[PDB]
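Chemist: what's the 3D shape of this:
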Amino acid sequence: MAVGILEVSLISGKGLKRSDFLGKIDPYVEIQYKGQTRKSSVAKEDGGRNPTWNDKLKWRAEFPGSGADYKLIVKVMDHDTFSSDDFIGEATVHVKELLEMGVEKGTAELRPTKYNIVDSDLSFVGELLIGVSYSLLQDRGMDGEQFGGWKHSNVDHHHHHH
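Modeler: Numbering: from 1, shown residues only. See below for the structure:
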């Protein structure tokens with residue numbers, strides 16, 4: 001139950017899905033000097049080659065609705081013996097617990113844990129960076145700086161017999 005703007009880091013991301021022609025035009029950075037700004041749309045299929053400080057993404061968030069207990073979303077990760085180190089990521093999945101905890105003190109931030117983002121049974125998760133926190137605000141600024149990147153591919157196996 002919190003209404004504010006969300007923050008995302010433009011680290012990396014894999015686009016398992018397609019769209020109406022995906023080239024070097026769709027994936028645009030948020031750069032402007034007038035008044036309004038635009039956030040980079042979905043990933044253009046494996047675009048982690050780019051940095052993270054390149055730019056940030058913001059979106060409007062509103063109170064999801066009192067849940068009153070229920071909904072764990074904390075028991076859907078991997079490697080749980082005491083305290084895992086490696087982390088996978090987080091995708092568009094039931095996680096209002098983060099934005100809802102924001103209104104508590106005015107701001108919220110995901111806890112230090114490897115959330116769920118692997119193809120299993122949640123919401124068709126994929127690949128994303130961890131750190132997307134939520135805070136109470138509505139002053140969508142602009143910021144950003146000119147930049148770009150590129151990509152090709154990356155595949156290989158390990159077979160020395162039949």
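
Chemist: Now for residue 77, how many residues are close by?
Modeler: The tally of other residues near residue 77 (other CB atoms under 10 Å) stands at 15. Using the backbone N, CA and C atoms, a C-beta is placed for each residue, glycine as well.

Chemist: Look at it and give its secondary structure.
Modeler: coil (DSSP: H, G, I helix; E, B strand; the rest coil).

Chemist: Let me see the contact set for the spatially closest residue to residue 94 that is not a sequence neighbour.
Modeler: Ranked by CB to CB, 6 or more residues apart in numbering and with sequence neighbours excluded, the top spatial neighbour of residue 94 is residue 73, at 5.4 Å. By CB atoms under 8 Å, 6 or more residues apart in numbering, the residues touching residue 73 are 93-95, 97.

Chemist: what's residue 96 sitting at in phi/psi?
Modeler: Torsion angles at residue 96 (phi, psi; degrees, to the nearest 10) stand at phi -60, psi -20.

Chemist: shouldn't it be in contact with residue 64?
Modeler: Yes - assessed by CB atoms under 8 Å, residue 96 is found in contact with residue 64 at 4.1 Å.

Chemist: which among the contacts of residue 73 end up buried?
Modeler: Neighbour-count burial (16 or more other CB atoms under 10 Å) applied to the contacts of residue 73 gives 95, 97.

Chemist: So which of the contacts of residue 73 sit within helices?
Modeler: Those of the contacts of residue 73 mapping onto helices are residue 97, per DSSP state H.

Chemist: What strand or helix carries the spatially most central residue of the chain?
Modeler: Nearest residue to the geometric centre of the chain (CA atoms, centre = their mean): residue 128, 4.7 Å. In this structure, residue 128 sits in neither a helix nor a strand according to DSSP states H and E.

Chemist: Just the endpoints, please. Distance across stretch 91-103?
Modeler: 22 Å (CA to CA, to the nearest Å).

Chemist: from the chain's centre, how far out does it sit?
Modeler: 12 Å (CA atoms, centre = their mean, to the nearest Å).

Chemist: and if you look at stretch 114-125?
Modeler: 13 Å.

Chemist: what residues does that stretch touch?
Modeler: By CB under 8 Å, 6+ apart, the list of residues contacting stretch 114-125 reads 76-79, 84, 86-95, 126-128, 130.

Chemist: switch to 10 Å and redo it
Modeler: Counting contacts by CB atoms under 10 Å, 6 or more residues apart in numbering, the residues outside stretch 114-125 that touch it are 16-17, 73-80, 84-95, 98, 126-130, 132.
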